[PDB]
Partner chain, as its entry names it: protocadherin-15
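Next comes just one chain, in structure tokens: the form solved without its partner chain.
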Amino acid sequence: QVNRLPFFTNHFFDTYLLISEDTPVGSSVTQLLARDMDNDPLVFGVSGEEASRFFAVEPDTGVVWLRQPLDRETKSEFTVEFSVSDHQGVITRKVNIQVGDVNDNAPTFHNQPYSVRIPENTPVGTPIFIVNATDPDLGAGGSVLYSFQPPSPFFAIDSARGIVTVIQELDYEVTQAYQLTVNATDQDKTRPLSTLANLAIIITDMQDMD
């Protein structure tokens, strides 16, 4: 019986291999599995420059491990080729890789620093500022809610829109400036992430002696 080449048996050679982006470097991703009808000893590998940058393959076993972090936010799908040889010949076969998203970004505020000057006689109800953050994670992990931390008795903030309003009469003679902490938190159900930003509110002294 003349030589037959080995063949792979993993299902993912027909469909795709989904790997979560939170897979730690150094962790195994899968094991390549193959059969050689001559019962030859096998050597497993990875074929291609980019593929070899992200994946290492144990030659004696076909265990695939991660060499560099995956990042769904940079590249979420790509192709690799894996190899198996019986020391006589070698086959290479493509696999579609999809990188699975996790919530691994907190929100980023834009156009900082935040500051605004308002008169001490600004009427309650007046909108005075709009904060802005974004978050690149998918789904609920990319949805941002705003709040003041702790809640302010002088200013409200719309948790969806980021619009800040005056909610109590101001008084320069008591407070000449506020330094408010804005919290932006994403809405991931399992592991929400937060970012803080300052909003400085400078109060203009008005000639308001009673």
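Residue numbers count along the first chain shown, from 1.
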item	value
Of 142-150 and 43-51, the one with larger mean CA B-factor	43-51
Segment of higher mean CA temperature factor, 151-159 or 64-72	64-72
Highest-ranked of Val57, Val174, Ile167, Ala184 once sorted by CA temperature factor in the record	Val174
Chain-relative CA temperature factor third for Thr126	middle
Record-listed C-alpha B factor of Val80: chain third	highest
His87 by Cα B-factor - lowest, middle or highest third of the modelled chain	lowest
Third of chain Cα B-factors occupied by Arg93	middle
Cα B factor band for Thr204 (lowest, middle or highest third within the chain)	lowest
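Quick note: we don't show the form deposited with its partner chain bound, though the next part is all about it.
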| property | result |
| --- | --- |
| Among 38-46, 56-64, 160-168, 23-31, the region lying within 4.5 Å of its partner chain in the deposited complex by heavy atom distance | 160-168 |
| is_contact(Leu18, its partner chain) in the deposited complex, heavy atom dist at most 4.5 Å | yes |
| Partner contact for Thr108 in the deposited complex: its partner chain, 4.5 angstroms, heavy atom | no |
| Heavy atom of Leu138 within 4.5 Å of its partner chain in the deposited complex | yes |
| Residue contact check: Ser152 to its partner chain in the deposited complex, 4.5 Å heavy atom | no |
